[PDB]
Every structure is written in C-alpha cells, then in structure tokens.
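In: I would like to see how this sequence folds:
(2 chains)
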There are 2 protein chains.
Amino acid sequence: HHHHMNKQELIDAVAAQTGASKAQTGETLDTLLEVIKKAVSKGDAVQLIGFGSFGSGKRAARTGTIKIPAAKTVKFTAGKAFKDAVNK
Amino acid sequence: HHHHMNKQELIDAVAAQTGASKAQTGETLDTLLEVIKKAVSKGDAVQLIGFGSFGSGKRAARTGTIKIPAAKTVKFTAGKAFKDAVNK
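Out: Numbers count the residues shown, from 1 in each chain, chains lettered A, B, ... in the order given. Let me share the structure:
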C-alpha cells in the first residue's frame, strides 16, 4: 500500500469535518468498534449501507498429521458503493 | 445470522455510552466511513488496532468465452483481538 493511516490520523481527518474535538471523535470511534465486535461476537451482523456489513462465519474442523478444531471467522462484505469507489 | 444491527441501532448503542447526541454520533460515523472509503480508494490502508485494517487488492484480468478485465478489491483483515473475541 502507498500510505498507512493510523487511528490518530483517521480521528484528525474526521474531527476536522464534524467540528467535534479529537477527544470526542476518538471515544466515539473506540465505542463504535467495541459495539461492532461485541455484536458480531454474539452471532449478529452489522450492516452499514454504502460501506459494508460485518458478520461471522463457520470453519469446520479440518485435518492437515495435525488437527484443527472448528472455529468462527470474522467476515466483512463490502457494499456496492465501496467497491465502486475503489474501482475508479 | 441471529440479529441484524442497522446503522440507527449502532448509533443508538454508541451514543448511549459516549453521552453524545444521536445526531452527532451519526454524523461522526458517516464521516468515518467516508474517510475510510476515500483513503482505500486512493490505495492507502487504514489500520485500527484491536479491530482490523482496510485496504485494497488487485485482481488480474481473467477469462471464463467471456472476458473480465482487471479490478481492485476491497480487503478487510481482522485483527487478533477481533478474531479472539469472535472465538469465545
């Protein structure tokens, strides 16, 4: 990738456009991320139209001789508007 | 999935924990999503430690007789803490 935006740079860009303090913006982002993780961890899906949806998937146990038990996965599905934006 | 949280429910949960109005919380979320899409569309990666990173990938042209030209993809890579949370 060209550049790497970290959380502080994301907070600074967003704060500039909302007018909110960097402190409030940052707590709001941190809580948004916690709520999404909590919800998906419970087996729910979070849909953000124009961005995408977070959700979980299932992995069955699989052998490779080692053994891997079943797990859940973190799934992100980008929405049309995100994919279209990245293709321009 | 069990339940589906939409943007208004995500805003209501977050607003409750920050104290911010639902209006401010919602504009902050909308701007965060726009900034992430803009950044990835430029070829940058956004890293949110404890959640994950957004980025793009490349798809080369491929034949299947139909023809599909090269595209860019939307990539989300969940961080350790998200995966561990979903596996509990």
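In: Please list all residues in contact with residue A:50.
Out: Under the criterion of Cβ atoms under 8 Å, 6 or more residues apart in numbering or on different chains, the contact list for residue A:50 reads A:79, A:81, A:82, B:33. Yep, even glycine has a C-beta here, placed from its N, CA and C like the rest.
In: let's go with 7 Å and repeat that
Out: Counting by Cβ atoms under 7 Å, 6 or more residues apart in numbering or on different chains, residue A:50 makes contact with A:79, A:81.
In: Just to be sure, it is in a helix?
Out: No: if the criterion is DSSP: H, G, I helix; E, B strand; the rest coil, then residue A:50 is coil and not within a helix.
In: how near is residue A:20 to chain B?
Out: 6 Å (Cβ to the nearest Cβ, to the nearest Å).
In: Repeat that for residue A:3.
Out: From residue A:3 over to chain B (counting by Cβ to the nearest Cβ), the distance is 4 Å.
In: Give me the nearest residue to that residue, chain neighbours excluded.
Out: residue B:44 (4.4 Å; Cβ to Cβ, 6 or more residues apart in numbering or on different chains).
In: For burial, what's the neighbour tally of the one you found?
Out: Counted with other Cβ atoms under 10 Å in any protein chain shown, the neighbours of residue B:44 add up to 18.
In: Would you confirm that it contacts residue A:2?
Out: Yes: the criterion here is Cβ atoms under 7 Å, and residue B:44 meets it with residue A:2 at 5.5 Å.
In: Residue most distant from the centroid, chain A?
Out: Ranking residues of chain A by C-alpha distance from their mean position (Cα atoms, centre = their mean) puts residue A:65 at the top, at 34.6 Å.
In: element containing it, please.
Out: Per DSSP states H and E, residue A:65 falls between elements, in no helix or strand.
In: Next one: it relative to residue B:11, how far apart?
Out: Look at residue A:65 and residue B:11: by Cβ to Cβ, to the nearest Å, they are 49 Å apart.
In: so where do the helices sit in chain A?
Out: A:7-18, A:22-41, A:80-86 (DSSP state H).
In: winner for burial among those helices?
Out: helix A:22-41 (a mean of 20; mean count of other Cβ atoms under 10 Å in any protein chain shown).
In: That helix close to chain B?
Out: Yes: for helix A:22-41, a contact with chain B is found by Cβ under 7 Å from any Cβ of the partner chain, at A:24-25, A:27-29, A:31-33, A:35, A:37, A:39-41.
In: Find the nearest non-adjacent residue to residue A:55, please.
Out: residue A:45 (3.9 Å).
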